[PDB]
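Engineer: You'll find target.txt just under this line, and it carries compact mmCIF, C-alpha atoms and all ligand atoms.
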# COMPACT_ATOMS: atom_id res chain seq x y z
CA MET A 939 -124.05 67.29 -102.02
CA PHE A 940 -124.78 65.84 -105.45
CA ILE A 941 -123.44 62.42 -104.45
CA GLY A 942 -125.44 62.49 -101.22
CA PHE A 943 -128.59 63.57 -103.06
CA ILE A 944 -128.60 60.88 -105.75
CA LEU A 945 -127.84 58.31 -103.06
CA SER A 946 -130.77 59.61 -101.00
CA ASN A 947 -133.21 59.12 -103.88
CA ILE A 948 -132.06 55.53 -104.38
CA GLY A 949 -132.79 55.14 -100.67
CA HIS A 950 -136.33 56.39 -101.27
CA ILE A 951 -137.14 54.13 -104.24
CA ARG A 952 -135.38 50.96 -103.07
CA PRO A 953 -135.63 50.82 -99.25
CA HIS A 954 -134.91 47.05 -99.19
CA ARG A 955 -131.30 48.03 -98.60
CA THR A 956 -131.30 50.68 -95.88
CA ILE A 957 -127.59 51.65 -95.96
CA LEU A 958 -128.27 54.07 -98.84
CA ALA A 959 -129.72 56.55 -96.35
CA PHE A 960 -126.86 56.50 -93.83
CA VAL A 961 -124.05 56.81 -96.37
CA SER A 962 -125.84 59.69 -98.11
CA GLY A 963 -125.93 61.32 -94.69
CA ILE A 964 -122.14 61.03 -94.56
CA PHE A 965 -121.73 62.85 -97.88
CA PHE A 966 -124.06 65.56 -96.59
CA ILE A 967 -121.74 66.05 -93.61
CA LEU A 968 -118.41 65.77 -95.42
CA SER A 969 -119.74 68.47 -97.74
CA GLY A 970 -120.40 70.97 -94.96
CA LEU A 971 -116.99 70.36 -93.44
CA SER A 972 -115.54 71.21 -96.85
CA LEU A 973 -117.44 74.50 -96.87
CA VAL A 974 -115.94 75.50 -93.51
CA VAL A 975 -112.36 74.77 -94.58
CA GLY A 976 -113.12 76.58 -97.82
CA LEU A 977 -114.69 79.59 -96.14
CA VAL A 978 -111.89 79.79 -93.57
CA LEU A 979 -109.39 79.64 -96.45
CA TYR A 980 -111.42 82.20 -98.39
CA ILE A 981 -111.70 84.72 -95.54
CA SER A 982 -108.12 84.22 -94.32
CA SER A 983 -106.79 84.80 -97.84
CA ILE A 984 -108.50 88.20 -97.87
CA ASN A 985 -107.20 89.24 -94.45
CA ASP A 986 -103.62 88.26 -95.33
CA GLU A 987 -103.56 90.50 -98.41
CA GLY B 499 -70.15 104.38 -97.75
CA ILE B 500 -71.99 101.44 -99.21
CA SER B 501 -75.13 100.57 -97.26
CA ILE B 502 -78.11 98.22 -97.48
CA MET B 503 -81.63 99.26 -98.45
CA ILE B 504 -84.39 96.88 -97.46
CA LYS B 505 -88.16 97.29 -97.47
CA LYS B 506 -89.47 98.57 -94.13
CA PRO B 507 -90.91 95.60 -92.16
CA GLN B 508 -94.62 95.04 -91.68
CA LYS B 509 -97.23 93.12 -89.71
CA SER B 510 -95.95 89.79 -91.16
CA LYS B 511 -99.05 87.64 -92.04
CA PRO B 512 -99.65 84.54 -89.89
CA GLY B 513 -99.00 80.89 -90.65
CA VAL B 514 -101.10 77.84 -89.83
CA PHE B 515 -99.55 77.24 -86.41
CA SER B 516 -99.29 80.89 -85.40
CA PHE B 517 -101.61 80.17 -82.46
CA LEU B 518 -98.83 78.07 -80.93
CA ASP B 519 -96.48 81.09 -80.82
CA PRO B 520 -97.24 82.51 -77.31
CA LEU B 521 -95.29 79.53 -75.96
CA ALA B 522 -92.01 78.30 -77.41
CA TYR B 523 -91.94 75.00 -79.28
CA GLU B 524 -89.70 73.60 -76.55
CA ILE B 525 -92.54 74.24 -74.10
CA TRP B 526 -95.16 72.57 -76.32
CA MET B 527 -92.99 69.47 -76.69
CA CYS B 528 -92.57 69.34 -72.92
CA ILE B 529 -96.35 69.76 -72.52
CA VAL B 530 -97.15 66.84 -74.84
CA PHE B 531 -94.68 64.48 -73.20
CA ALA B 532 -95.72 65.51 -69.70
CA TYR B 533 -99.28 64.69 -70.76
CA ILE B 534 -98.36 61.08 -71.56
CA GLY B 535 -96.13 61.18 -68.48
CA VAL B 536 -98.92 61.97 -66.01
CA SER B 537 -101.23 59.57 -67.85
CA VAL B 538 -98.87 56.62 -67.44
CA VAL B 539 -98.28 57.53 -63.80
CA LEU B 540 -102.06 57.72 -63.28
CA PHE B 541 -102.30 54.27 -64.82
CA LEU B 542 -99.48 52.84 -62.69
CA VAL B 543 -100.94 54.34 -59.52
CA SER B 544 -104.51 53.23 -60.13
CA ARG B 545 -103.94 49.71 -61.45
CA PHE B 546 -101.34 48.55 -58.94
CA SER B 547 -102.27 49.61 -55.39
CA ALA C 2 -80.00 74.70 -67.77
CA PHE C 3 -83.39 73.05 -68.09
CA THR C 4 -84.23 71.96 -71.62
CA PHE C 5 -86.48 69.55 -73.47
CA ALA C 6 -83.76 66.90 -73.61
CA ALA C 7 -83.14 67.33 -69.88
CA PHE C 8 -86.86 66.80 -69.30
CA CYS C 9 -86.77 63.64 -71.41
CA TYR C 10 -84.18 62.29 -68.98
CA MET C 11 -86.16 63.41 -65.91
CA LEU C 12 -89.28 61.73 -67.26
CA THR C 13 -87.49 58.40 -67.70
CA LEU C 14 -86.08 58.16 -64.20
CA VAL C 15 -89.69 58.19 -63.02
CA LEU C 16 -90.78 55.43 -65.39
CA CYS C 17 -87.67 53.23 -65.08
CA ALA C 18 -88.47 53.11 -61.38
CA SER C 19 -91.66 51.39 -62.52
CA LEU C 20 -89.69 49.15 -64.87
CA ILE C 21 -87.54 47.80 -62.04
CA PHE C 22 -90.68 47.20 -59.98
CA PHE C 23 -92.04 45.10 -62.84
CA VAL C 24 -88.96 42.89 -62.64
CA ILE C 25 -88.62 42.51 -58.85
CA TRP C 26 -92.23 41.32 -59.12
CA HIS C 27 -91.18 39.11 -62.06
CA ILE C 28 -88.40 37.28 -60.20
CA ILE C 29 -90.65 36.69 -57.18
CA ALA C 30 -93.41 35.25 -59.38
CA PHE C 31 -91.22 32.48 -60.80
CA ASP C 32 -89.61 31.76 -57.43
CA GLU C 33 -93.05 31.33 -55.86
CA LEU C 34 -94.01 29.25 -58.92
CA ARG C 35 -91.40 26.58 -58.14
CA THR C 36 -92.43 26.37 -54.48
CA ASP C 37 -96.13 25.62 -54.99
CA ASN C 56 -100.36 27.47 -59.27
CA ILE C 57 -100.27 27.56 -63.08
CA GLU C 58 -103.56 29.34 -63.80
CA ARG C 59 -102.94 32.19 -61.35
CA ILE C 60 -99.36 32.91 -62.46
CA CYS C 61 -100.72 32.67 -65.96
CA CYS C 62 -103.09 35.53 -65.16
CA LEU C 63 -100.93 37.60 -62.79
CA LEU C 64 -97.94 37.73 -65.14
CA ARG C 65 -100.00 38.27 -68.34
CA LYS C 66 -101.43 41.56 -67.05
CA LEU C 67 -97.98 42.95 -66.20
CA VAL C 68 -95.98 42.71 -69.36
CA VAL C 69 -97.68 44.97 -71.95
CA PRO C 70 -97.09 48.05 -69.68
CA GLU C 71 -93.39 47.12 -69.63
CA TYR C 72 -93.12 47.27 -73.43
CA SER C 73 -94.95 50.49 -74.18
CA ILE C 74 -93.26 52.41 -71.35
CA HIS C 75 -90.00 51.40 -72.99
CA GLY C 76 -91.72 52.01 -76.32
CA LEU C 77 -92.48 55.49 -75.02
CA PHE C 78 -88.74 55.96 -74.39
CA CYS C 79 -87.97 55.13 -78.01
CA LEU C 80 -90.30 57.81 -79.35
CA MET C 81 -89.26 60.23 -76.60
CA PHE C 82 -85.51 60.17 -77.24
CA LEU C 83 -86.19 60.15 -80.98
CA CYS C 84 -87.97 63.48 -80.61
CA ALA C 85 -85.33 64.78 -78.18
CA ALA C 86 -82.46 64.09 -80.65
CA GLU C 87 -80.61 61.80 -78.23
CA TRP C 88 -79.14 59.31 -80.66
CA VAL C 89 -76.82 57.53 -78.23
CA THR C 90 -79.71 57.14 -75.77
CA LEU C 91 -82.09 55.98 -78.51
CA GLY C 92 -79.37 53.61 -79.69
CA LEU C 93 -78.91 52.07 -76.25
CA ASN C 94 -82.67 51.38 -76.07
CA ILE C 95 -82.46 49.64 -79.45
CA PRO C 96 -81.10 46.25 -78.11
CA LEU C 97 -83.97 46.02 -75.63
CA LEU C 98 -86.46 47.23 -78.25
CA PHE C 99 -85.73 44.67 -80.97
CA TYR C 100 -85.69 41.97 -78.30
CA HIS C 101 -89.21 43.12 -77.43
CA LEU C 102 -90.46 42.97 -81.03
CA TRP C 103 -89.43 39.32 -81.28
CA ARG C 104 -91.36 38.20 -78.19
CA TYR C 105 -94.62 39.70 -79.52
CA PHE C 106 -94.53 39.45 -83.32
CA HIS C 107 -92.90 36.05 -83.88
CA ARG C 108 -92.49 34.24 -80.56
CA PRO C 109 -95.47 34.98 -78.28
CA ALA C 110 -96.26 31.20 -78.53
CA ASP C 111 -99.77 30.69 -79.57
CA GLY C 112 -101.50 31.95 -76.41
CA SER C 113 -104.34 34.25 -77.57
CA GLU C 114 -105.42 35.77 -74.29
CA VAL C 115 -102.74 38.39 -74.33
CA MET C 116 -99.76 36.02 -74.77
CA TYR C 117 -96.25 35.16 -73.40
CA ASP C 118 -96.17 34.00 -69.72
CA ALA C 119 -99.57 32.50 -70.44
CA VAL C 120 -100.85 28.91 -71.02
CA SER C 121 -97.27 27.67 -71.69
CA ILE C 122 -95.75 26.94 -68.25
CA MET C 123 -94.10 23.64 -67.05
CA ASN C 124 -92.48 21.28 -69.37
CA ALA C 125 -89.86 23.40 -67.75
CA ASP C 126 -87.68 24.55 -70.67
CA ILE C 127 -89.28 28.00 -70.86
CA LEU C 128 -89.01 28.16 -67.06
CA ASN C 129 -85.23 28.37 -67.36
CA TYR C 130 -85.48 30.82 -70.27
CA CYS C 131 -87.74 33.16 -68.30
CA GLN C 132 -85.46 33.11 -65.25
CA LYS C 133 -82.40 33.99 -67.33
CA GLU C 134 -84.49 36.81 -68.83
CA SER C 135 -85.75 37.98 -65.44
CA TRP C 136 -82.26 38.73 -64.16
CA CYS C 137 -81.29 40.13 -67.57
CA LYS C 138 -84.14 42.64 -67.37
CA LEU C 139 -83.12 43.82 -63.89
CA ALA C 140 -79.47 44.18 -64.89
CA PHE C 141 -80.39 46.34 -67.88
CA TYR C 142 -82.90 48.45 -65.94
CA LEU C 143 -80.55 49.13 -63.04
CA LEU C 144 -77.92 50.21 -65.54
CA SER C 145 -80.50 52.27 -67.45
CA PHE C 146 -81.48 54.02 -64.21
CA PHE C 147 -77.96 55.29 -63.59
CA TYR C 148 -77.48 56.03 -67.29
CA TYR C 149 -80.59 58.21 -67.17
CA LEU C 150 -79.56 59.77 -63.86
CA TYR C 151 -76.12 60.64 -65.23
CA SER C 152 -77.32 62.26 -68.44
CA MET C 153 -79.94 64.13 -66.44
CA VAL C 154 -77.17 65.72 -64.36
CA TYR C 155 -75.09 66.09 -67.54
CA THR C 156 -77.71 68.05 -69.50
CA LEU C 157 -78.70 70.16 -66.48
CA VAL C 158 -75.21 71.34 -65.49
CA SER C 159 -73.89 71.77 -69.04
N1 LIG D 1 -102.38 87.55 -83.22
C1 LIG D 1 -102.57 86.51 -82.80
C2 LIG D 1 -102.78 85.23 -82.17
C3 LIG D 1 -104.09 84.86 -81.89
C4 LIG D 1 -104.34 83.65 -81.27
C5 LIG D 1 -103.31 82.82 -80.94
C6 LIG D 1 -102.00 83.19 -81.21
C7 LIG D 1 -101.70 84.39 -81.84
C8 LIG D 1 -100.29 84.77 -82.13
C9 LIG D 1 -99.37 84.92 -81.10
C10 LIG D 1 -98.05 85.28 -81.36
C11 LIG D 1 -97.11 85.47 -80.23
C12 LIG D 1 -95.74 85.43 -80.38
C13 LIG D 1 -94.94 85.63 -79.28
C14 LIG D 1 -95.51 85.88 -78.07
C15 LIG D 1 -96.88 85.91 -77.99
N2 LIG D 1 -97.69 85.72 -79.04
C16 LIG D 1 -97.65 85.51 -82.63
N3 LIG D 1 -98.55 85.36 -83.67
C17 LIG D 1 -98.12 85.60 -85.03
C18 LIG D 1 -98.59 86.70 -85.71
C19 LIG D 1 -98.17 86.93 -87.01
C20 LIG D 1 -97.28 86.07 -87.61
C21 LIG D 1 -96.81 84.98 -86.92
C22 LIG D 1 -97.22 84.74 -85.63
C23 LIG D 1 -99.88 85.00 -83.43
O1 LIG D 1 -100.59 84.89 -84.41
Would you mind writing the file out in structure tokens?
Structural biologist:
Amino acid sequence: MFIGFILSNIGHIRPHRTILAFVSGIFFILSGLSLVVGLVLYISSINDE
Amino acid sequence: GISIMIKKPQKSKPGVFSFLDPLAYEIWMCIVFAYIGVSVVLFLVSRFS
Amino acid sequence: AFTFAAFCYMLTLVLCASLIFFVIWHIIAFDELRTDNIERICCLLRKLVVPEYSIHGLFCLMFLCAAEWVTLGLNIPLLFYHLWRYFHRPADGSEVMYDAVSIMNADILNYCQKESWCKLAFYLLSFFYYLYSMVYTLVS
């Protein structure tokens, strides 16, 4: 989320290269997929014990 | 005489691939290779004739 | 009894029946070539051959996962023959390759016809090898 945020602000101040916005979208999506694996691991660790 | 004392067995927490367990692993291997089997035979039947 | 290895032999009778039909069509194509024709038997052959590899390439990964090491080993001489005709000698081509732009000049025409009867002789012996070890693994 912090990588995708600082690469979104570069995409707001230098829009001459547009690929800053799409790649920062990828870090915003790889972050949320790492929550889900984390929250499945977190909840399943409780239920096992 | 001499006997064995073990801890009384329990619910036995699941693994990662515990969802596969209603069918034996010999079934799942036959399912995967029948999947490529019917897909090749679909391809043979539809391309030629 | 029925098992996963017995199913790996059932599933390769069905696909070796396709492999012999690739080769009956492959001996007719070069016999009709000599009678007449280049550009069509370029295109008609070129579409056929890549199914013939990967079906046999399926058999390699199927008997590897079935733990059939004699059967995987008997598919090895046809396999490493197949890697040579696609990685080092599919001469230049670049449409698919191999039974492509390179026809007459007639020296590959003799090499293909020796191959075309060598494919059928292996596949007809593979069909009865697969039919035997099917009946073997079922009864035993
Ligand atoms: N419970 C559960 C469950 C939920 C969804 C998919 C599979 C399972 C499951 C099924 C089986 C099983 C086994 C034999 C016959 C039928 N089902 C076993 N397990 C399981 C539970 C605890 C530890 C290991 C496996 C399981 O977790």
Engineer: Using all atoms listed in the file, find each protein or nucleic acid residue lying at most 6 Å from ligand LIG 1 (chain D); present the set as number ranges by chain.
Structural biologist: B: 510-513, 516-517, 519-520
Engineer: Which value, in Å to one decimal, gives the distance between CA of residue 94 in chain C and CA of residue 79 in chain C?
Structural biologist: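 So the answer is 6.8 Å.
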Engineer: For CA of residue 30 in chain C and CA of residue 60 in chain C, determine how far apart the two atoms are, in Å to one decimal place.
Structural biologist: 7.1 Å
Engineer: What is the distance between CA of residue 82 in chain C and CA of residue 144 in chain C, in Å to one decimal?
Structural biologist: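 CA of residue 144 in chain C lies 17.1 Å from CA of residue 82 in chain C.
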Engineer: May I have a table of the residues of chain A lying at most 12 Å from chain B, giving each one's closest pair of atoms and their distance in Å to one decimal, counting all atoms listed in the file, ordered by chain and ascending residue number, as JSON lines?
Structural biologist:
{"residue": "A:978", "atom": "CA", "partner": "B:514", "partner_atom": "CA", "distance": 11.6}
{"residue": "A:979", "atom": "CA", "partner": "B:514", "partner_atom": "CA", "distance": 10.8}
{"residue": "A:982", "atom": "CA", "partner": "B:512", "partner_atom": "CA", "distance": 9.6}
{"residue": "A:983", "atom": "CA", "partner": "B:511", "partner_atom": "CA", "distance": 10.1}
{"residue": "A:984", "atom": "CA", "partner": "B:511", "partner_atom": "CA", "distance": 11.1}
{"residue": "A:985", "atom": "CA", "partner": "B:511", "partner_atom": "CA", "distance": 8.6}
{"residue": "A:986", "atom": "CA", "partner": "B:511", "partner_atom": "CA", "distance": 5.7}
{"residue": "A:987", "atom": "CA", "partner": "B:511", "partner_atom": "CA", "distance": 8.3}
Engineer: Place a sphere of radius 12 Å on (-99.8, 52.5, -62.8) in the file coordinates and name every protein, DNA or RNA residue with an atom inside or on its surface, counting only C-alpha atoms; give the answer as number ranges by chain.
Structural biologist: B: 535-547; C: 15-16, 18-20, 22-23, 66-67, 70-71, 74
Engineer: Pull out every residue of chain C that has at least one atom within 8 Å of chain B, counting all atoms listed in the file, and report them as number ranges by chain.
Structural biologist: C: 4-5, 8, 12, 16, 19, 81
Engineer: Using all atoms listed in the file, can you tell me which of C:135, C:152, C:145, C:90 comes closest to residue 24 in chain C?
Structural biologist: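 Looking only at the distances to residue 24 in chain C, the closest residue turns out to be C:135.
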Engineer: Centre and edge lengths, as lines of an AutoDock Vina configuration file, for the axis-aligned box enclosing every listed atom of range 942-945 of chain A with 4 Å of padding on each of the six sides, in Å to one decimal?
Structural biologist:
center_x = -127.0
center_y = 60.9
center_z = -103.5
size_x = 11.2
size_y = 13.3
size_z = 12.5
